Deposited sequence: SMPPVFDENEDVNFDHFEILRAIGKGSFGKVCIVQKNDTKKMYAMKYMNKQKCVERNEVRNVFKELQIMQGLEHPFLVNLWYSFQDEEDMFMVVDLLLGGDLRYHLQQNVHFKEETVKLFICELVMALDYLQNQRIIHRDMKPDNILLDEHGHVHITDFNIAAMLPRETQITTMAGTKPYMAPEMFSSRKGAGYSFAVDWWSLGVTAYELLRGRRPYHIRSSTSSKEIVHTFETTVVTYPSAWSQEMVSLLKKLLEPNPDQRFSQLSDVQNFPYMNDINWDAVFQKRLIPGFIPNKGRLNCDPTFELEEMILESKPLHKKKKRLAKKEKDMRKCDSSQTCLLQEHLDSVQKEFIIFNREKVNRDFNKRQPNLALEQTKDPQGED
């Protein structure tokens, strides 16, 4: 069938995360009974806050990506109030949650995390994509402990022989080259390998390798990178330490920034990369409690679980503010491009 998937094809279950433009929810598709994560984006808020172009860019990027260590897009659609993104549901939740439970991850587990994510990053680069927000909050586990990159909210397409200067990222994960105010400058894919490093170090240690905050001035940060020596606890293997160090090269040109740099790294001579890609190397034991749990809380929100939830056809328009809104909403409705991977899959076998 060539029928369009829309919001009525799903049943909405528990909310699992929050956004300035709407929630993330668990949904079940009615027909297949398959469960997904769905990101709401309020059209009005998006228009008022000039996010519409970013939402479209993200959808466009996600439509052209598929990889075992990404949280992949399956459907997009809209109704009158919202735009929707339906993507893989990762039942283990994010890594931040476990760090917040004071979990320290075993060296071997982190090695295997790096292997999986490095295949994702390399794939992103081959597709000309910088993610720009790699960090524990944005890396999700499946039920077997494999790790996956999500939240492409600030991901950018970088055309060949171009560079990017705009400051966008989470500051304690952002690479030194992102802060340099030298007029002849820029950054590239290598920044995602830096933040992978910061992320791996953080998983091993419990804390980040640099003290940087979201409030810290750019000048202090440049100073922090230039005058701090990262502490590498003696308990760690020289192999891991020397991996972390190639990810945390302040000079992007000397940093690992490619799948092959890691494939050829001695520490990694025991890795079967076909097995990694096929999800046959389980990283390791993962604590029972992840961010999805239904351990009872006093959250006023969602203790009301038992409850269940000819005016636009006039073409109304009142003031300049309300008329501009309508023009933009009209434009959203008309420009939005439905994506459906099932259909792309079916029409590949034809």
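Gaps without C-alpha coordinates occur at 1-7, 317-326, 368-384, with positions taken along the deposited sequence from 1.
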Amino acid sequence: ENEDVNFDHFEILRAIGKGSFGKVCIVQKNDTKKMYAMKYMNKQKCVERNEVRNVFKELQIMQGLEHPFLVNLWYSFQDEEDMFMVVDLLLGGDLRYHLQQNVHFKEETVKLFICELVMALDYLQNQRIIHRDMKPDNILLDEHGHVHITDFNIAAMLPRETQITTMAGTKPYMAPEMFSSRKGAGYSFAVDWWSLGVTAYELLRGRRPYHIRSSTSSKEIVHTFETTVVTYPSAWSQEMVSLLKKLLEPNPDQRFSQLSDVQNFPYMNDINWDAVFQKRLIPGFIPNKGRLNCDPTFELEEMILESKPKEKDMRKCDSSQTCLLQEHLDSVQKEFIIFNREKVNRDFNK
From here on, numbers count along this sequence of modelled residues.
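Annotation for 111-119 versus 76-84: the higher mean temperature factor (C-alpha) is found in 76-84. Higher mean CA B-factor, judged across 233-241 and 269-277 from the recorded values: 233-241. Within the listed group 59, 305, 292, 65, the record reports its top CA B-factor for 305.
When the C-alpha B factors of 171, 144, 182, 131 are read from the deposited coordinates, the top value falls at 182. Annotation for residue 213: C-alpha temperature factor in the middle third relative to the rest of the modelled chain, per the entry.
Ranked by Cα temperature factor within the chain, residue 41 sits in the middle third according to the deposited record. Ranked against the other modelled residues of its chain, the C-alpha B-factor of residue 219 as given in the entry falls in the highest third.
Placement of the Cα temperature factor of residue 246 within the chain: middle third of the modelled residues, per the deposited record. Annotation for residue 35: C-alpha temperature factor in the middle third relative to the rest of the modelled chain, per the entry.
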